[PDB]
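Read the structure below first, then the notes.
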Amino acid sequence: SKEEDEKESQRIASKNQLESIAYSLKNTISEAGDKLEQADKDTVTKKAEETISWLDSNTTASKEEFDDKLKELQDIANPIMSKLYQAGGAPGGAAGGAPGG
Numbered sequence: 001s002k003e004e005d006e007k008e009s010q011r012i013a014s015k016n017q018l019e020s021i022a023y024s025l026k027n028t029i030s031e032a033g034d035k036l037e038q039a040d041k042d043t044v045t046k047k048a049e050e051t052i053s054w055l056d057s058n059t060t061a062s063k064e065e066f067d068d069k070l071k072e073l074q075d076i077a078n079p080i081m082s083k084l085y086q087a088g089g090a091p092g093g094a095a096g097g098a099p100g101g
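Quick look at the structure:
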């Protein structure tokens, strides 16, 4: 039937893009050396690698599940990306706006 083909091709796209994003998270940390702390940096990249391992282990999951992984990856990465950006990643003017303290 067409149904399986449709779903499979989407699962492929989902795997591919999710995989790419995991590498993108680590790629971002590659310039984040002094900009991020070792703990949050390890947290995102470790999770990214877990994400890569998850894809290989759960290739048998549907694209909804790959989306789910993408979402939870993005959720945890979001604040850490944000702290990266508001330092020297997001355009502020001089530098990233410090929260004060």
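Just so you know, we're using PDB author numbering here: the sequence shown kicks off at 1 and counts up by one. For every residue, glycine included, the Cβ atom is placed at its ideal position computed from N, Cα and C.
Buried versus exposed, by CB contacts within 10 Å (16 or more), residue i
i	result
residue 60	exposed
residue 14	buried
Neighbourhood of residue i by C-beta distance below 6 Å, restricted to the same chain and skipping five residues each side
i	result
residue 44	25, 77, 80
residue 52	22
residue 36	84
Among the options, nearest to residue i - alpha-carbon criterion
i	options	result
residue 58	1, 4, 11	11
residue 70	98, 18, 6	18
residue 73	54, 101, 83	54
residue 5	20, 63, 34	63
Close-in-space but distant-in-sequence residues of the same chain around residue i (CB under 8 Å, 5 per side omitted)
i	result
residue 41	29, 32, 80
residue 95	87, 88
Neighbourhood of residue i by C-beta, 7 Å cutoff - its chain only, sequence neighbours within 5 removed
i	result
residue 16	none
residue 68	none
* Would you check if there are 3 or more beta carbon pairs closer than 8 Å linking the segment 41-56 to the segment 13-28? => yes
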